[PDB]
Every structure is written in structure tokens, then in C-alpha cells.
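Before any comments, here is the structure.
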Amino acid sequence: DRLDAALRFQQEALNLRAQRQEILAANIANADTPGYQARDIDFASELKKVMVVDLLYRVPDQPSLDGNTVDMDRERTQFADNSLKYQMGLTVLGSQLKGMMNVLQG
Amino acid sequence: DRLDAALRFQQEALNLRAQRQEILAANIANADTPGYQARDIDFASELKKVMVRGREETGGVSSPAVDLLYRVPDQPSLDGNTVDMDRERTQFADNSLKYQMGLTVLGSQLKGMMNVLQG
Amino acid sequence: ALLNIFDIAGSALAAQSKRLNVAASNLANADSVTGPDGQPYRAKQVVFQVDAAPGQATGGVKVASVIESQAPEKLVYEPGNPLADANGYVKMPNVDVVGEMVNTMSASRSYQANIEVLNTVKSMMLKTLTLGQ
Amino acid sequence: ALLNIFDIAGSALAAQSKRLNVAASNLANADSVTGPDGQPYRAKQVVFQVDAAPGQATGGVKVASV
Amino acid sequence: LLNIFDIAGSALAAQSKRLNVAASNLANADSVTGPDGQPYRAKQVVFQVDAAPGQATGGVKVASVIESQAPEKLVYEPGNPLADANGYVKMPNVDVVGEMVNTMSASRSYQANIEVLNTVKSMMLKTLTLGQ
Amino acid sequence: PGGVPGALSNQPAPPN
Amino acid sequence: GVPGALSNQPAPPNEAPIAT
Amino acid sequence: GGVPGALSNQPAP
Amino acid sequence: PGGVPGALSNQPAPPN
Amino acid sequence: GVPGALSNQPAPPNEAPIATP
Amino acid sequence: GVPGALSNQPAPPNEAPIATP
Amino acid sequence: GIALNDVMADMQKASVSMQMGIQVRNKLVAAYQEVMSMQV
Amino acid sequence: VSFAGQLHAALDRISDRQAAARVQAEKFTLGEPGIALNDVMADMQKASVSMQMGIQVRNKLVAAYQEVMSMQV
Amino acid sequence: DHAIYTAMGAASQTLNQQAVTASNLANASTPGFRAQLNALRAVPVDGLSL
């Protein structure tokens, strides 16, 4: 359907933002697990792949003794950024749907 | 001619409202620029002027032929701008309501005419 | 001529965003000692000008250029740090933290004011589009 | 990825965390006689550089090495 | 209700002026000299009713800014160049508690006036849709 | 008319 | 001039010197 | 231009 | 002629 | 490379011995 | 004179003397 | 350039004038057909 | 050149503006540097206003055509 | 909106005065030292209208 092609990009971006949000929250929740590696996804490459998931390990900053590589500050900033981008995607998708609607209303 | 003349006052007042709001938005944008005197226009005198002699432009960079007057500052500032934010936001809201009033009056007149014509 | 408010407020938003970014960059490097070239970090500030071409009455605002702040470099006596002076006077940036925090707050407030201007202007444009209907 | 302000402030947070970690490790090892190999502990320092991604305009803080 | 806009704007200006005076006074609690060498005398705004064509009720206008007449504080620093023949340097009579309370009350009045103006503007907006 | 608002007026003063 | 009124002449540049 | 905005994507790509 | 907004242009500048 | 980047390899285990092996 | 009501006559000016004289 | 304020106002004015012309012509045509539908 | 040509030009202009705003939004969502959220949001706003203008013009034009076709000959 | 700048100037100059005082205190053992006096001058901004 042509309607899907117009809204495909924003829907895929929104779904990818939700998945990465879940991954970041999993990183936050498992901060205290000894031996847990902080995982993340490269948003742009996966968005290419879906439009046309694989988890990448985060490069550790400080060496802990229990093997936990989760850094609070980095993932807190990433979490806030992902929340903001999810809201922006919701706004853009809603604007596109509302425009398609006011075209029809009459 | 007759219909153009009957709807000309409110149309010109609404255009002058738009230009005054552009000026007020420019004042709000430059509110933190050092060395910017706030500008505003006398709505009534400029409205009568546009009424008697048609609208004109300086060039056409183009701009209206309105007289950009300086607002009297309230209290001094070291940077040297006279944009007092309370005055700016009060004039902005007042101009907003008056523009909506002009839209309402013009729309009412135009319906008041389609009512006659429609049959 | 309500469309020009879009340009005016968009330029104002961009300029305030640039000013906030510069202030945050200065604040985050208050404790820096070295630059990419080895030079000490110099506190930087934007310059605001009226975005009016010759013959234009009133426009928005534009960032002319970014300039190094005029203030003495903060001298620290640490002649043990590998970076030092002839007499061990490490040069640290001249960032005034209170000024940067106040600048950040002011930029945020001006940004929000411009957003309100844009919102009400769009509402008026829609209402004008509903003139006779 | 990150918005510019987010990246700058998050880099600042990470750099301050690294400096605090270095200070804490130094304060812990204030009375250490030997390491794991037989050499004295040496006080660590952290060097802040400006991560000027564009030409001389802005940038957060990075830490080259301890 | 446009006169209400005039009233609210004038009152916002007056309360902002009072807040600015209080902030300047609080900054200069410990100031010892000005440009001319005279002590800083604390400033106070004067409020007056702006009802010139509106009978006895109207907005509030700041008539003037006046130096407070409370006696200047005296500090014994005979080595100070500003010390007189008796060796007393004049320091401002700014009351810290009074200025803090003035700032707080001015802020509250400012917010109340803003809420009044918003309610009046909303009422005008709804009046614009009479009979429809 | 009116006078200084706030601290100065709402403070007891010598009669004059 | 009354503050908040309109005048055709600009306000003079204001300065705050430290020493007269 | 020389300065990227605060609300722009990391200049570092 | 504009200038630097905020802290720099609202602090008492040097005489010259 | 940079702390906070993305790599396809898990970091090596974080061992801290008390004596030299 | 009920508080909160409306009266034709203005309220008398209040006074706070430190001394009776 | 021309703003929505002018565009909408002239657009409405043209709609009004066109409606007036249509109504006046309809009245004239109805009168003519009533005259010609006569019986002499 | 003609009325149909002018209407086609207006439709092309509106569609081009909308596509430009959409492309900039997708570029921002992509993570490419230099694209500011301010510009994205303002351009989306402008595109919405232009779409609404086109809708109003279409509505009136259709109303005028219906009025003309209702004329009795 | 500009009282924030007055207060910020006051706070920054308080920081400067504190720096002067700390520099004076750091030299409590310096042989033959003369303490630096500090004083907050008030600069009144000229202009209109009040």
C-alpha cells in the first residue's frame, strides 16, 4: 500500500527507538550484575537495514573489579536522548497522520 | 468598487495588525541583543494614513512605509537595550486579540453578504 | 505579513541555541588545562546582531562570529604538572561559572519565549485561513 | 547520535567521574608500600583536553590518558 | 476589557521595578563608595494610582525612586580616605530582611497579575465567539 | 495617593 | 517622557562608569 | 556555520 | 552594532 | 576506541591480581 | 459594619502609635 | 510577498462578486423565459 | 501561463516544500550532523501551514465550480 | 529580566572578594607582607526613565 510507504520510515524509527530504549533500560537494571556487558545497537545502521537486530558491546570506560562495564553517566544521557527522540518521532508521525486527515475532512 | 470600499477599513486594520505583530516579534527576538532600542508603531495614526493614501513600500529588500517609533525605556540597562519584556508580552497578547477581533469582524461581514447573495 | 514571524523567530531560536551551546562548552571546560594544539582553552562567546540586510527595518537576530572572551588567564602554581610555564604558571581558562550558569538560564528562557511566539503565530495563521468559512 | 548539548554535558560528567576516581584511588593508596610487582605506587593524574570536533568553535572534554 | 490589559501591564511594570530596586539594594548591602565617592543610599520606589481619566480606580504607576531617609551606618576606619574628621565611614542603611521580603512579595504580586491578565485574555477570546 | 510599598510602610515609625 | 509611551527620537546610549 | 547549535546532532559523525 | 549578549555586556566593563 | 563507542567484541575480563604470577 | 461587605463611607485611616501622646 | 491576509480577502471578494453575477444573471434569464413563455 | 498551469505550479510548490521538510526530518532522525531540531520543527510547521492553505483553496474552488454548474440556462 | 544580571554581578564580585581574602590568608607566614584591601564599589547605571 502507498500509505505504508509514506509512514514506513517514521514507524520503523519509532520501533527502533523503543527497542533501543528497552536495551538501555536493561543496561541500567543490570548495573550491579558482576560480569554483565553493556550492550547497545547502532541506530542508523539498523534503521537502514529495516528500511531496505544485532547488539554491539559498549566500549568500557573505567575498569571495575567485578567485570561490570555499565557506566551510569553515559547510559543515563543516552536514555534521556532516546526518550527525547521517541517523543520527536511521535510528534512527526502524528503531524503526518493529522495532515493526511485534514486533507480528507470535508 | 462599492464592495471593495465597504471592506477596506477592516482589511487595512488587519494588515496593520499583522505588521505590528511582526514588529513586536522582532522586538521579542532581539530582547537579549545589546544595544537594541525597542520599536513600535502608532496604530491609529498609521491606520488613518494608510486609509487616506494607499499602502506604500520603501523598496521592493522591502518593508512597509510605516513610521518605526522608539519606545520609551522603563529602567536602564548596562547592555543598552530598551526591550522590557513585560511591555512586549502585553502588547503581543493585546495585538493577538485585536487581530482575532478583526478576523471575526471581516468574516462576519463576508457571511453577512453571502447570506444576501445565496438563493 | 505574519509569515515573516516564522523567519524572525526561527532565527532567534537558532541564535539562542548557539549561545546556549557556547555557554555550555565554556562551562564543561572550566577545569581543562590543554587543547588539541596544546594551547589553554580560551573562553568563547557569541556576538548577536540584528539580522537585517541593508534597507530592512527590523529583523530577527543572527550570530555574527564567535570571539575569545577578554579576561586574564587564570594562573595556577603547579610546577610539577608536565604542562607548565617558565616559572611553573599553568594557564587555566578564564571561565566565570556564575556568568555561564546565568547565560544558560537566560538562553533557555528566551528560547521558550520564541517558541510561544511561533505557536501563537501558527494558531493565528490557521484562523486566518478560516477567514470566511 | 547525541544532541550537541547532551554530548558536551555527558562528556563533562564522564570526565569529572574519571577525575574523582583518580582522586579516590590516590587517597586509598596513600600508605601503600608495594604494588603487585614490587614497585611503589605512583600518584595518578588526569589531563583534560577539549574535544573540539569543529575548528576551534566548541567541544566537550575528553581525557587522553592517566 | 482592554483597560484591564492596561491595568495589568502597568502593575507588572511597577512590580518589576520594585523587584529591580530590591535586587540592587541587596547587591549593595556592603558597598562602601560609588563613582563620585558618596555612600550608596538605598533606593525605594513610590507607587501611585494611575487613574488619571478613570476616576479613583486604575493601574499603579511608579511616581519616583527616592533615597531612603534612614540614618547611614557608621564604621570606624580612620585610615579610609572616605573617613571624615571623626574617622567614620558611611555605609548604606539597607535592611537585608526587608529587601528579601520585598523581593518575595513583589514576585507573588507579579505572578498574581500575570494570572489575572491570562484569565482576562481568555475571557476576551471567548467573548469573540458570541452567538456562535 | 500612595507611598513606598512593602517593608518601609509596614514598619512602625516615629510620629511626624 | 512617560515610560511605555511612543517617541520619534531614540533614547541616548546609557553608561555606568566606575570612576567619574 | 562555525558553531553548531545545541539542538543539532553531534558534529562528530 | 549588537555585541556579546548576557554576562559579558551586563558586568561593569573596564573604563577604556 | 573512544570510551562510549560501539564494538562487536566483548571486553576482556577484569582481573586484578594481588601478587605477580 | 460586617467585614467583607460594601459601605458608602470610606474606611477610617489606621494608625499604630508607639506612644499614647 | 503577498500574505494570507491579502490572499484570503481577495479570494473571498472574488467569490462574492462571482456569486452576485450568477444571481443577477439567473434573475434576468428567469424574467426573459417568463416573458417568452407567454401566450400573446 | 494559464490557470491550470498556475494551479499545477502551486501544487508542485506545496509538495516540494512538504518533501523538503520530510527529508530534513528523516535526515535528523538519521543522526547526520549539522541538522538542528529547531529547523526541523519550524519547517514541519511551515509545511503544515502550506498544506492547510492548499486545502482551503481547493475547498473554495470546488464550491465556486459547484455554484457555476448550478446556474440555470 | 535584568535583575538576574545585577544579582549575578553581585555574586561574581563576591567570589572575587573571597579570592582576594583567600590570597591574603595564604600569606599569613610570608615575611614582610602587606594585605590587600577589598571594597565593593557601587556603579549606578544611567539612563531612562526611573
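Residue names in the C-alpha cells use chain letters A, B, ... in the order shown, residue numbers from 1 in each chain, and ligand numbers from 1 in the order shown.
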Exercise for the section: Provide as a ChimeraX atom specification the residues of chain N at most 12 Å from chain G, counting only C-alpha atoms. Expected result: /N:40-50
Could you write out that same residue set with N, CA and C atoms as a CSV table (one decimal), in the first residue's frame?
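Contents of again.csv, as written:
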chain,number,residue,atom,x,y,z
N,40,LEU,N,33.7,46.9,47.9
N,40,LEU,CA,32.7,46.7,46.8
N,40,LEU,C,32.2,48.1,46.5
N,41,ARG,N,32.6,48.6,45.3
N,41,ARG,CA,32.1,49.9,44.8
N,41,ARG,C,30.7,49.6,44.1
N,42,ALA,N,29.8,50.6,44.2
N,42,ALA,CA,28.5,50.6,43.5
N,42,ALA,C,28.6,51.4,42.3
N,43,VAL,N,28.2,50.9,41.1
N,43,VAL,CA,28.1,51.6,39.9
N,43,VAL,C,26.7,51.8,39.5
N,44,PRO,N,26.2,53.0,39.5
N,44,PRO,CA,24.8,53.3,39.1
N,44,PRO,C,24.6,53.4,37.6
N,45,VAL,N,23.7,52.6,37.0
N,45,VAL,CA,23.5,52.7,35.6
N,45,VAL,C,22.7,53.9,35.3
N,46,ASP,N,23.2,54.7,34.3
N,46,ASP,CA,22.5,55.9,33.9
N,46,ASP,C,21.5,55.4,32.8
N,47,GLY,N,20.5,56.3,32.5
N,47,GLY,CA,19.5,56.0,31.5
N,47,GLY,C,18.2,56.6,31.9
N,48,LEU,N,17.1,56.0,31.3
N,48,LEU,CA,15.8,56.4,31.4
N,48,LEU,C,14.9,55.2,31.7
N,49,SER,N,13.8,55.4,32.4
N,49,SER,CA,13.3,56.7,32.9
N,49,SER,C,13.4,56.8,34.4
N,50,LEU,N,13.3,55.7,35.1
N,50,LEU,CA,13.5,55.6,36.6
N,50,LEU,C,14.7,54.8,36.9
Please, which residues in chain D fall within 9 Å of chain M when counting only C-alpha atoms, and what is the closest atom pair and distance in Å to one decimal for each, ordered by chain then residue number, as CSV?
residue,atom,partner,partner_atom,distance
D:1,CA,M:31,CA,5.2
D:2,CA,M:31,CA,8.1
D:3,CA,M:36,CA,8.9
Practice task
Fewer than 3 positions away in the same chain doesn't count, so skip those; otherwise give me all residues within 12 Å of residue 37 of chain D, counting only C-alpha atoms, as an MDAnalysis selection string.
Solution key: (chainID D and resid 33:34 40:41) or (chainID J and resid 17:21)
Next, the residues of the selection above should be written as a PDB file, in the first residue's frame with N, CA, C and O atoms.
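Listing of again_8.pdb after writing:
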ATOM      1  N   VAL D  33      52.997   0.441  50.409  1.00  0.00           N
ATOM      2  CA  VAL D  33      54.442   0.274  50.297  1.00  0.00           C
ATOM      3  C   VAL D  33      54.827  -0.369  48.970  1.00  0.00           C
ATOM      4  O   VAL D  33      55.825   0.014  48.356  1.00  0.00           O
ATOM      5  N   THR D  34      54.044  -1.337  48.497  1.00  0.00           N
ATOM      6  CA  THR D  34      54.367  -2.062  47.278  1.00  0.00           C
ATOM      7  C   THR D  34      53.108  -2.259  46.450  1.00  0.00           C
ATOM      8  O   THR D  34      51.986  -2.183  46.956  1.00  0.00           O
ATOM      9  N   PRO D  40      56.811   0.976  43.985  1.00  0.00           N
ATOM     10  CA  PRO D  40      55.923   1.843  44.764  1.00  0.00           C
ATOM     11  C   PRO D  40      54.774   2.366  43.922  1.00  0.00           C
ATOM     12  O   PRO D  40      54.878   2.514  42.702  1.00  0.00           O
ATOM     13  N   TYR D  41      53.659   2.635  44.593  1.00  0.00           N
ATOM     14  CA  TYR D  41      52.528   3.264  43.930  1.00  0.00           C
ATOM     15  C   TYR D  41      52.883   4.700  43.568  1.00  0.00           C
ATOM     16  O   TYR D  41      53.502   5.416  44.361  1.00  0.00           O
TER      17      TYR D  41
ATOM     18  N   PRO J  17      45.087  -9.075  40.054  1.00  0.00           N
ATOM     19  CA  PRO J  17      45.789  -9.955  40.991  1.00  0.00           C
ATOM     20  C   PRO J  17      46.442  -9.177  42.121  1.00  0.00           C
ATOM     21  O   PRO J  17      46.763  -7.992  41.996  1.00  0.00           O
ATOM     22  N   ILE J  18      46.632  -9.869  43.241  1.00  0.00           N
ATOM     23  CA  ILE J  18      47.292  -9.262  44.389  1.00  0.00           C
ATOM     24  C   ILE J  18      48.808  -9.418  44.315  1.00  0.00           C
ATOM     25  O   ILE J  18      49.543  -8.540  44.780  1.00  0.00           O
ATOM     26  N   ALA J  19      49.294 -10.508  43.727  1.00  0.00           N
ATOM     27  CA  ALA J  19      50.719 -10.749  43.574  1.00  0.00           C
ATOM     28  C   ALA J  19      51.029 -11.053  42.115  1.00  0.00           C
ATOM     29  O   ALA J  19      50.162 -11.481  41.350  1.00  0.00           O
ATOM     30  N   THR J  20      52.279 -10.819  41.737  1.00  0.00           N
ATOM     31  CA  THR J  20      52.705 -11.083  40.369  1.00  0.00           C
ATOM     32  C   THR J  20      52.744 -12.587  40.121  1.00  0.00           C
ATOM     33  O   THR J  20      53.348 -13.325  40.908  1.00  0.00           O
ATOM     34  N   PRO J  21      52.112 -13.084  39.047  1.00  0.00           N
ATOM     35  CA  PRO J  21      52.111 -14.516  38.739  1.00  0.00           C
ATOM     36  C   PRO J  21      53.357 -14.953  37.974  1.00  0.00           C
ATOM     37  O   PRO J  21      53.857 -14.190  37.147  1.00  0.00           O
TER      38      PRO J  21
END
Handout entry: C-alpha RMSD, in-order pairing, chain I superimposed onto chain F
Key = 0.7 Å
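When every C-alpha of chain J is superposed on its counterpart in chain K by least squares, the root-mean-square deviation equals 0.7 Å.
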Practice task
Fewer than 4 positions away in the same chain doesn't count, so skip those; otherwise give me all residues within 6 Å of residue 81 of chain B, counting only C-alpha atoms, as a list in words.
Solution key: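 Within the cut-off, the hits are residues 34, 35, 36 and 37 of chain B.
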Write a file of the just-selected residues containing N, CA and C atoms, as a PDB file, in the first residue's frame.
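Below is the file selection.pdb, written as the result:
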ATOM      1  N   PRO B  34      22.484  43.237  22.874  1.00  0.00           N
ATOM      2  CA  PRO B  34      22.917  44.503  23.482  1.00  0.00           C
ATOM      3  C   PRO B  34      22.882  45.640  22.472  1.00  0.00           C
ATOM      4  N   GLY B  35      22.279  46.754  22.879  1.00  0.00           N
ATOM      5  CA  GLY B  35      22.220  47.931  22.037  1.00  0.00           C
ATOM      6  C   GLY B  35      21.121  47.884  20.997  1.00  0.00           C
ATOM      7  N   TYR B  36      19.910  47.515  21.410  1.00  0.00           N
ATOM      8  CA  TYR B  36      18.758  47.441  20.514  1.00  0.00           C
ATOM      9  C   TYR B  36      17.606  48.202  21.160  1.00  0.00           C
ATOM     10  N   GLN B  37      17.259  49.351  20.591  1.00  0.00           N
ATOM     11  CA  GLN B  37      16.103  50.102  21.054  1.00  0.00           C
ATOM     12  C   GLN B  37      14.828  49.463  20.520  1.00  0.00           C
TER      13      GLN B  37
END
